[PDB]
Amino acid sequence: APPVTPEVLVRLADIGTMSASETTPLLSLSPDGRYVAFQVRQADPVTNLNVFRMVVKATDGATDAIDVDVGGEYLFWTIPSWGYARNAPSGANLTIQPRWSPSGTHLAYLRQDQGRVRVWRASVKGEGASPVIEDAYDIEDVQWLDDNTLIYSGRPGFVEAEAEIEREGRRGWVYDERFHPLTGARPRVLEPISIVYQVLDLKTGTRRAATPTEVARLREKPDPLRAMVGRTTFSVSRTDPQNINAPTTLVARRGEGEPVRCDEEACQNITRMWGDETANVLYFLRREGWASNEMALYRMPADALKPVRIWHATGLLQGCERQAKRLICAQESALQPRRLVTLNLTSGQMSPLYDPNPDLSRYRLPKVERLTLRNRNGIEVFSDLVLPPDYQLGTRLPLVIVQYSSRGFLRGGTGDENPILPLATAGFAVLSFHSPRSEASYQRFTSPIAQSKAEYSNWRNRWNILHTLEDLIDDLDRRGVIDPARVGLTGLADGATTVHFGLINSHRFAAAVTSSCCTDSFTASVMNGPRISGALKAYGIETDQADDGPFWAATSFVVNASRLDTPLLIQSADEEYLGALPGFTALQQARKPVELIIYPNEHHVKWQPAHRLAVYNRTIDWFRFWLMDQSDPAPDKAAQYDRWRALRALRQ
């Protein structure tokens, strides 16, 4: 049975944005409940393109899925942040939620071609799709008002503001709060920029202004934490509404009556609920078990406050919507990539509905085992241990750590950068680390910004993270599973920070890979520009200290270059590389084994399939080289190993 290689992993299809959870709106049920519509994305590293398909599948399971549209460009998820109308893209794709017409015969949805987001309309038995709305601005959302009428939104003001920036540039721009140098040398558009609503009649091609009523049908979103059954409104609240770390509890109000709080433990920290008038019940989801490692679904007769658990598992259920007494969900788990599933709301039985991948038991899969421990600060931790398919007990393996969430399918860790199953296939033990809760998250805080400030104070939470990794390593060391002198560490985003912290404040790692650098004043103050730099200070990032200040000594590679002896590979997007340069240069000057790779037209999370594959392969090669002393003799890698042999020789 063939192995799971980087070539296999990069081609495993997906549904919705990279990191999806309970409320990710990645599917839509038809009005009568008989069909589910959703987008499938599949990456091709040879053509270096994602291929997108809009898919319709009967919820009864009896007929094959149908592609009702094929095509489009990778549409970035973007939002306003920091007072900018559009922050740099994280690189993640926007989840595309198809809108069914009231008749159930057509879909409307966003789709990008030639750099422009339009509304497309597709026939649901497969007969074709075409764009029906385009404007000077990207369309941001759409709904059906009736079978022939669409309302849609976007920001022509954003376009106009861009043209004003372009005019102003003729006189030079003052460097101020509009700039974010890391990502580009132009002023950004500042908020406020308004959203404009328009209505299109598809039968006449005419457009008109929306009415306030129509507008609210687009603007208002359902609260997934609120439901009605009869006269009873279910919601969730805290005994102390200000304290964000106080657990929420299910509450019931009959009409305008007093709220009644459910006392049961099961009613705490609900993530999703659904009311069913016919059955007169409330259903809800939540996380539970050690370190919240499992999901569970509850059924609660709406007369009372006695929830009963009907399903629980490791994994995730995402985007779930109800048809009668089934839930239709996306679902994933360690060895199951994202697929659609039906959950029986009486028995709690889960059945396959649609899997865009073949069955992976076709491949020789690594062995997975969920680890649990309480860390030295008393906090419950889980993580996943992945072992090579031919693992014989007694064998001490090199270890590679991938961060920092492990709830779902073991793909590439956060940002999909570090290939878990292929690493195991290559002979490594892999720890898929699920970063634990901070101490601060157990204390009273009125703002997530104030909590952050407590976590960064003296890098207290970063130490809790590092000590947790050291606990896990020590565990696997006692079990005789790993050689503790041969531990590799990877990170992207918050995991990158952990890598930087880890290489300076321990000697437990023999090799590392990061997607970005650095955690230093240059990156956080200078390259962010004055707006973001100033805003980060409230989060506990000391951007008013220069790099030789006390806060940065724990993480700056410029300050600590001369004692940083661990081999480090940085595989950066061009959009983040500038931040790495002072650090990189100090390391080279101090003759350390560091290498920086740059990828063009990329983001914080990488989107181009050829790039991802190349990242996967180099990261495997890197760990094989430093932790196994092995090199692949393929002649197109010879120059890479020349370079890495030279890095190795610097160490003496």
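Throughout, we count residues from 1 along the sequence that is shown.
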item: Comparing 224-232 with 159-167, the one whose average Cα B-factor in the PDB entry is higher; value: 224-232
item: Between 67-75 and 257-265 (mean CA B-factor, as deposited), the higher; value: 257-265
item: Member of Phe179, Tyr539, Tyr442, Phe509 with the greatest C-alpha B factor (per the PDB record); value: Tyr442
item: Member of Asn560, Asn528, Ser351, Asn461 with the greatest C-alpha B factor (per the PDB record); value: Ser351
item: Cα B factor band for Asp14 (lowest, middle or highest third within the chain); value: lowest
item: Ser81 - which third its CA temperature factor falls in, relative to the rest of the chain; value: middle
item: Assigned third (lowest, middle, highest) for the C-alpha B factor of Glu288; value: highest
item: Cα B factor band for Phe409 (lowest, middle or highest third within the chain); value: lowest
item: Cα B factor band for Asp146 (lowest, middle or highest third within the chain); value: highest
